[PDB]
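Since the structure comes first, as structure tokens, the remarks are kept for the end.
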Amino acid sequence: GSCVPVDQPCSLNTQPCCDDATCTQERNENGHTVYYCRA
């Protein structure tokens with residue numbers, strides 16, 4: 001049903017990603033650690 005779009009930020013406590021993506025650690029514009037979705 002509901003999922004996070006790939007290439008978009010996600011959360012370890014939120015719904016999974018879309019297109020069979022995975023929530024991985026990455027860097028943002030600010031430079032702090034974040035979680036994003038990768039197909």
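Chain labels run A, B, ... following the order of the structure tokens; each chain numbers its residues from 1, and ligands are numbered from 1 in the order shown.
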task = Write down as a PyMOL selection string the residues of chain A whose backbone DSSP state falls under strand (DSSP E).
result = chain A and resi 22-27+33-38
Write out as a PDB file with N, CA, C and O atoms, in the first residue's frame each polymer residue whose atoms come within 9 Å of residue 4 (chain A), counting only C-alpha atoms; drop sequence neighbours fewer than 6 positions from it.
ATOM      1  N   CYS A  10      13.417   8.735   3.969  1.00  0.00           N
ATOM      2  CA  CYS A  10      12.580   7.800   4.707  1.00  0.00           C
ATOM      3  C   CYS A  10      12.949   7.807   6.186  1.00  0.00           C
ATOM      4  O   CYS A  10      13.821   8.561   6.616  1.00  0.00           O
ATOM      5  N   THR A  14       9.189   4.618   9.894  1.00  0.00           N
ATOM      6  CA  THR A  14       8.101   4.882   8.968  1.00  0.00           C
ATOM      7  C   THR A  14       7.909   3.713   8.008  1.00  0.00           C
ATOM      8  O   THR A  14       8.598   2.698   8.102  1.00  0.00           O
ATOM      9  N   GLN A  15       6.968   3.866   7.086  1.00  0.00           N
ATOM     10  CA  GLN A  15       6.677   2.830   6.105  1.00  0.00           C
ATOM     11  C   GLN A  15       7.891   2.564   5.211  1.00  0.00           C
ATOM     12  O   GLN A  15       8.745   3.434   5.042  1.00  0.00           O
ATOM     13  N   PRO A  16       7.988   1.354   4.620  1.00  0.00           N
ATOM     14  CA  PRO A  16       9.110   0.998   3.743  1.00  0.00           C
ATOM     15  C   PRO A  16       9.143   1.851   2.481  1.00  0.00           C
ATOM     16  O   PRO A  16       8.330   2.760   2.315  1.00  0.00           O
ATOM     17  N   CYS A  17      10.087   1.555   1.596  1.00  0.00           N
ATOM     18  CA  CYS A  17      10.221   2.301   0.350  1.00  0.00           C
ATOM     19  C   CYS A  17       9.379   1.677  -0.757  1.00  0.00           C
ATOM     20  O   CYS A  17       8.742   0.642  -0.565  1.00  0.00           O
ATOM     21  N   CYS A  18       9.382   2.329  -1.912  1.00  0.00           N
ATOM     22  CA  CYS A  18       8.622   1.868  -3.066  1.00  0.00           C
ATOM     23  C   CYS A  18       9.545   1.219  -4.091  1.00  0.00           C
ATOM     24  O   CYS A  18      10.766   1.342  -4.006  1.00  0.00           O
ATOM     25  N   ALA A  21      12.494  -0.596  -2.816  1.00  0.00           N
ATOM     26  CA  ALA A  21      13.643   0.189  -2.380  1.00  0.00           C
ATOM     27  C   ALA A  21      14.009  -0.137  -0.939  1.00  0.00           C
ATOM     28  O   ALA A  21      13.325  -0.915  -0.272  1.00  0.00           O
ATOM     29  N   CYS A  23      15.652   1.725   2.821  1.00  0.00           N
ATOM     30  CA  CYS A  23      16.011   2.935   3.551  1.00  0.00           C
ATOM     31  C   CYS A  23      17.474   2.863   3.981  1.00  0.00           C
ATOM     32  O   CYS A  23      17.847   2.029   4.807  1.00  0.00           O
ATOM     33  N   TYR A  36      17.507   7.753   3.343  1.00  0.00           N
ATOM     34  CA  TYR A  36      16.850   7.895   2.047  1.00  0.00           C
ATOM     35  C   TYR A  36      16.481   6.539   1.457  1.00  0.00           C
ATOM     36  O   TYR A  36      16.946   5.498   1.919  1.00  0.00           O
ATOM     37  N   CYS A  37      15.635   6.565   0.433  1.00  0.00           N
ATOM     38  CA  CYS A  37      15.187   5.341  -0.230  1.00  0.00           C
ATOM     39  C   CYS A  37      15.951   5.116  -1.531  1.00  0.00           C
ATOM     40  O   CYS A  37      16.117   6.034  -2.334  1.00  0.00           O
TER      41      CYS A  37
END
query = Do you have the CA of residue 38 (chain A)-CA of residue 6 (chain A) distance handy?
reply = 5.2 Å
message = I want to know what sits within 9 Å of region 28-34 of chain A, based on only C-alpha atoms, with residues of the same chain fewer than 4 positions away left out; could you give that as JSON, numbers by chain?
response = {"A": [9, 10, 11, 24]}
